[PDB]
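Summary of the model geometry
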Amino acid sequence: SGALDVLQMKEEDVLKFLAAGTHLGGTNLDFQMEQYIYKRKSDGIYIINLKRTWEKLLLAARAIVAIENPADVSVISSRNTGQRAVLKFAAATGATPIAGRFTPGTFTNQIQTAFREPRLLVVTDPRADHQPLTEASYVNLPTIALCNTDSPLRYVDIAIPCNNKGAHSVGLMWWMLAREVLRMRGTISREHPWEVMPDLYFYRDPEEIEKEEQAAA
Amino acid sequence: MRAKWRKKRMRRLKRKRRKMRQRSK
Amino acid sequence: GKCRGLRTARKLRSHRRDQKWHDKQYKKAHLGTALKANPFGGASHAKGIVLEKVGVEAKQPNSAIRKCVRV
Amino acid sequence: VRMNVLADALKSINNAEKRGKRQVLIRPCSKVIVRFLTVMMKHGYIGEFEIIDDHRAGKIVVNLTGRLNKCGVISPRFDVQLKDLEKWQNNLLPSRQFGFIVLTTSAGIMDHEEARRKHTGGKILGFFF
Amino acid sequence: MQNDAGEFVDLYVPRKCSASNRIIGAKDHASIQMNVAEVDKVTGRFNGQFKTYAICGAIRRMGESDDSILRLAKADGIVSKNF
Amino acid sequence: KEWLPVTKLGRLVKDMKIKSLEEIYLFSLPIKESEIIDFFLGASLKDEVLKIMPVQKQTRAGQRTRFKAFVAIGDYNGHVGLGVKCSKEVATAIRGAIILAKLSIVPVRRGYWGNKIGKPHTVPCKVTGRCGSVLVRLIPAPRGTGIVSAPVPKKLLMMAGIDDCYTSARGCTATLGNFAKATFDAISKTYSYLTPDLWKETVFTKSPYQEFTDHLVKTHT
Amino acid sequence: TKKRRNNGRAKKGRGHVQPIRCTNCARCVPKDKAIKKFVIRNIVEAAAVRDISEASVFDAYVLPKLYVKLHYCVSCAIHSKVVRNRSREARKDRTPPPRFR
Amino acid sequence: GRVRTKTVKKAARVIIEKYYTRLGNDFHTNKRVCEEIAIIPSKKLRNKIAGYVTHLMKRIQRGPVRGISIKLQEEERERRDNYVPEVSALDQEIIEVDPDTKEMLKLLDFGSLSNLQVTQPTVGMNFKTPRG
RNA sequence: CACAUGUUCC
RNA sequence: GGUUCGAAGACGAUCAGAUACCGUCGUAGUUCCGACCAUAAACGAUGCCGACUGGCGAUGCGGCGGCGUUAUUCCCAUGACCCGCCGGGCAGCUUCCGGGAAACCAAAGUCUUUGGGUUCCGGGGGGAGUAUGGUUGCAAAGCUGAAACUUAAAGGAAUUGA
Ligand SMILES: [Zn+2]
């Protein structure tokens, strides 16, 4: 990831970041997110640096690969946008998916049937999933978070600066991570592109599911 | 007894001692 | 202490001298009025003359009659 | 106003050490502070410092390591004999294995071990461990 | 910790924080044990060893836990030095 | 009778795979099983009850009274623990405090006073701990001095392995719950204070859960 | 103990403010301490607004409103239920109640 | 009050998720279906559970239910989750790019490309909500 | 518009 | 000089009684000038000077820079807005900095790891801010200020019932 031309920025990933609006930040700015931002455009939107996003995206990809057991990587999404992206990421990689309503006590209460013991916590949104960060303190848990400019850094341990508000920019970043964790371990060759198309990971609104069906009919 | 009126009672009592001591001199 | 000057010994000693008079034990042991009001006058024991025997009623809940002597 | 200069420098870098800053800036530069910083550096308590000598009282940037617990100052500078120098370090230093009391002597400014070697007393400056 | 005759005497040596250089306590349940995978230069694949770090729980609650790993990551060459 | 593990940290304890409880403290992993302590130090460990505190609350039909227990625990070499449990009945609270006391045992640091001959006996430096208004300080002491302290923290220093130490207590020490916890914090900070001997770069060994990540999946969940 | 950080008033740097009387009673209340209500209301609300309209000589005449700046004391406003007591965490909220009707 | 208690409700939840093909719509049939497949100690609870089942029936053909596990409705949701359209939502030949973000790519390596169209920035900063 | 007051122990 | 209000007082209600709360009057006073008086819950219940220790959005003044909308109109520059930066000015929000018995505190932190400087002030509760002495004041009263004796609690924060 450090000045290695195999892992530097790809042109195919540039057009994907811009079309999904991942470089578009929030209106406000958290003082820890002053190092991931190029400059604030007119209309008061900060611009997230995509190359530095890609560099932080690679460092978090080193985390899951270093975890020898793929099962105990807890991936949690609470907002309605992110359950569809995190479920197939856990299916493709081998991680543990949690889709909505994070029960308080899954990492602290032994009697619970959902008592999990991960080595890694991957968070779709720090504000939407602050509760998983609370039990990430009581148990020694390195934490990955998909942070926005507005997202605080309470008990996150590595952050990938992205747009976690837009639906297209949410599932694309997981489609980033689905490729890369399988690219250091041997599943995917880097010469040919990975065959799964990124609309599979994107959130489908119930209106959009209803919108789609008559064009198929 | 409020603390305000016991101070007022003291001043009425202190003034009474002022007149009583003054007539003897 | 509040003041920490290199030549504030007379300020520190005067403060400790004055604030000692506000202590109940120091003022009792260093005033003539406390020794004047003491019938013993610093004596551990003393001899007196019995003139009558007085019965003293007791205090709150524990109630009895205590036998005393006017010495 | 600013009565003591070393007291403000030592507490400024103690506040940074509690927060764990990598380096800290102190606003005045004095000969005593420069001598004070050289005492701690030979023992490896801090990272390497540098001064910015402008045409005023200069500014000192001191790189910090994580080896500092507390660097205090004793005011006023009480004179210390050789007889009660053990008494000073008994109630000020944490232990006899480590902890350094630095105090100015006629031979210069040095910690309490080197003052024992040269058999010279003087006025106390501060404590650090 | 040493004795006079040259033998280690403590029953264990505690860890140290990678960023703040403080020793991590035994009841610091918010401690981090990072594991950073290396990449082979030519094939771009996982090697097999670790580049592990250790951060105390105070840094996480103060919000520099991502920055602390990031600063060592430039120094250990994981992050591109231009960034 | 037989122990079945619940937390996956305790699974390696039953597989004869965790060599000591030191590397448990090395990685600051939480202990939530009282019998993990019983596997390593189940023989030399002893228990001693500090106080039975009959607290109560005012209800409409009288006062609801329950008994609060204070048990300090730990073998006389390297480890000491404290546990507080407030149950309905005295023996249940005493039994329930022992379980919580084993979960809260901490390693001690023993230092020398001046000269460094023999075995470490006293506190290596001046550490202190406090809760509420009770503040307790620990002072290094020469050999053969004994524990100069109040009787209740004296039992804790017997059970921590420290034979010589000078103490000083500031605050309302009649409250034994705060008086015992304030001392127990002070011993617990011995491995929280940085020592000039400890200035070397700590070599990182493999994580205990990492080293047997294949052993913890081939036989159970 | 201290109930309110601002002591139930907006006085922060003044130290002294002019008092104002109340609407129900004549209680002397400081201006920043008084519960101030400004009510925008018509002279007639539901029934009399209708029949006067056809009885008005001038067709399509808008009825003028009435503007009264109310000044209540602590005892008067609570007894008249202008404001009510809240929990210790609910006290710190100072946003107005939602306005839809 | 004809409010169903937790014992009646929880007994009716397990029946639906296990006997979807056996259950009907009208009250009297699934009353007798649940008679054989459930050990209900009294006739009163047998009518109450089957009656609450019938009220849950009207929720089933009108859409999904929160607290239920139906093998047929999850199959509808499973293929909808695995839907793949014929092109991606990322493949547009038209990408509108802010000029301030055009300075971003030019200082990077990937500055000038084929299908990047720079727009015109809005003049006059007006983005904050009015105070109050 | 008024609702003033009711010794001590668990 | 006294409009209004209004200690005292008068009268009418209420009540067992009102010498109170309610209502009608109403002296002193409340209004202006010249002199005393120096006491307030005179509060941020938080002495004054100096340094350090997170951010966040506001607001007052002054200064600096900048697309742009809008007036003199004939635009530069000045006004009114918008976007930032600087110094302190009153504040607010926020969090495991840290502290405190807690309430809570950017100070009430940088304290048993105790020392930047300098004043005032407290030693369980009453007696008592009392007596006496001194001093000021036309007076009211202001400042300083006990002891004899009595007492095992008084008190502060917080929890649960009533
Ligand atoms: Zn009023």
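Calculation criteria
- Residues numbered from 1 in each chain as written, not as in the entry; some residues may be left out.
- Chains lettered and ligands numbered in written order.
- Part of a larger assembly, values for the part shown.
- Heavy atoms only, no water.
- Residues with missing side-chain atoms left out of burial classes, pairs and counts.
- Helix = DSSP H or I, 4+ residues; strand = E, 2+ residues; numbered from the N terminus.
- Rg over C-alpha atoms; globule rule 2.2 N^0.38 Å.
- Buried < 20%, exposed > 50% of the residue type's maximum accessible area, 1.4 Å probe, protein only.
- Donors = N, O, S within 2.8 Å, 3.2 Å for Na, K, Ca; no water.
- UniProt positions renumbered as here; feature names shortened; annotations may be inferred.
- Contact = heavy atoms within 4.5 Å.
- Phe/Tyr/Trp six-rings, centres within 6.5 Å; stacked < 30°, edge-to-face > 60°.
- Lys NZ or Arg CZ within 6 Å of the ring centre and 35° of its normal.
- Pairing = 2+ DSSP bridges.
- Axes fitted to C-alpha atoms, helices over the stretch in contact; angles between N-to-C directions.
- Buried area = accessible area lost by both parts, 1.4 Å probe.
- Salt bridge = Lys/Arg side-chain N within 4 Å of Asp/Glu carboxyl O.
- Polar contact = N/O pair within 3.5 Å; in protein donor to acceptor, adjacent residues only side chain to side chain.
- Nonpolar A, V, L, I, M, F, W, Y, C, P; charged D, E, K, R; others polar.
- Expected span 1.5 Å × (residues − 1).

As summarised from the PDB record, the model derives from cryo-EM at a stated resolution of 2.9 Å.

Structural notes on the overall build of chain G
Check the secondary structure of chain G and you find three helices and four strands. In chain G, the order of α-helices and β-strands from amino to carboxyl end is β-β-β-α-β-α-α. A globule of 101 residues ought to have a C-alpha radius of gyration of about 13 Å, yet chain G, at 19 Å, is considerably larger. Each principal axis of the C-alpha atoms in chain G carries an extent, and together these give about 60 × 30 × 25 Å. Residue burial in chain G is summarised as follows: out of 101 residues, 12% are buried.

Looking at the coordination of the zinc ion
Residue and element names in this part refer to chain G. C22 (SG), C73 (SG) and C76 (SG) make up the full set of protein donors to the zinc ion, lying at 2.3 Å. For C73, a relative accessible area of 4% translates into the label buried. When its relative accessible area of 8% is taken as the criterion, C76 is described as buried.

Quick look at the UniProt feature "binding site: Zn(2+)" in chain G
Residues and elements named next belong to chain G. The UniProt record marks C22, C25, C73 and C76 with the feature "binding site: Zn(2+)", using the residue numbering of this structure. These annotated residues cover 55 residues of sequence, and their C-alpha atoms lie no more than 8.5 Å from one another, placing them together at a single site. Among the structural elements, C73 can be located in the loop between β4 (65–72) and α2 (74–79). Residue contacts for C73: discarding those within four places in its chain leaves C22, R27, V29 and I35. Among all residues touching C76, those that are not within four sequence positions of it are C22, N24 and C25.

Focus: the packing of aromatic side chains
In this description, a pair of aromatic rings is defined by centroid distance and the angle of the planes. Per the counting criterion, the structure on display carries 13 aromatic pairs over all chains. Between D:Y45 and D:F100, the aromatic rings sit 5.9 Å apart at their centres with planes inclined by 85°, giving edge-to-face as the arrangement. With D:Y45 in the loop between α2 (31–42) and β2 (49–52) and D:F100 in strand β6 (residues 100–105), this residue pair connects regions lying 55 residues apart in the sequence. The pair formed by D:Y45 and D:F100 is uniform in burial state, with each residue classed as buried. Cluster of aromatic residues (ring-pair linked, three or more members): D:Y45, D:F100, D:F128 and F:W199. One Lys or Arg, A:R52, reaches over the ring of E:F83 and ends 5.7 Å from the middle of that ring. Above the ring of F:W113, the side-chain terminus of D:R96 is found at 5.2 Å from the ring centroid.

Looking at the arrangement of the chains
Ranking by contact count across seven pairs of chains in contact places chains A and E at the top. Over all C-alpha pairs, chain E and chain G never come within contact, reaching a minimum spacing of 24 Å. You won't find any contact between chain G and chain H; their C-alpha atoms come no closer than 10 Å.

What about the sheet that holds strand β3 (residues 79–87) of chain F?
All names here are of chain F. Here we have four strands laid out as an open sheet, ordered β1-β2-β3-β4, and antiparallel in their pairing. Edge positions in the sheet fall to β1 (47–58) and β4 (106–107), since each of these pairs with one other strand and no more. As judged from the 11 bridges shared by β1 and strand β2 (residues 63–73), these two strands associate in the antiparallel manner. Counterpart to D47 in the pairing with β2 is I73. The strands that helix α4 (residues 90–102) touches are β1, β2 and β3; relative to β3, the one it contacts most, it runs at about 145°. The sheet contacts of helix α6 (residues 176–188) involve β1, β2, β3 and β4, and relative to β3 the element is tilted by about 150°.

Some words on the interface of chain A and chain E
The interface is formed by 45 residues belonging to chain A together with 37 residues belonging to chain E. The contact between chain A and chain E buries some 3200 Å² in all, and 51% of this surface belongs to carbon and sulfur atoms. In terms of surface lost to chain E, no three residues of chain A exceed A:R62, A:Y155 and A:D157, which account for 18% of the buried area on that side. In this structure, the connection of chain A to chain E is made through one salt bridge. A:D157 is paired through a salt bridge with E:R60; the nearest N and O atoms lie 2.7 Å apart. The tally of links from chain A across to chain E stands at 27 residue pairs in polar contact. Elements with a contribution of two residues or more to the side of chain A that touches chain E: α2 (50–66), α4 (130–138), β7 (158–161) and α5 (167–184) of chain A. Broken down by element, the residue count for the side of chain A that touches chain E peaks at nine residues, all from α2(A). A per-class count over the side of chain A that touches chain E returns 23 nonpolar, 11 polar and 11 charged.

A few points about helix α3 (residues 43–60) of chain H
Residues and elements named next belong to chain H. Over its 18 residues, α3 extends 25 Å from the first C-alpha to the last, a length consistent with the 26 Å expected when each residue adds 1.5 Å. For α3, the complete set of buried residues consists of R46, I49, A50, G51, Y52, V53, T54, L56, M57 and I60. Looking at the buried residues of α3, the elements they touch are α1 (6–18), α2 (27–37) and α4 (71–81).

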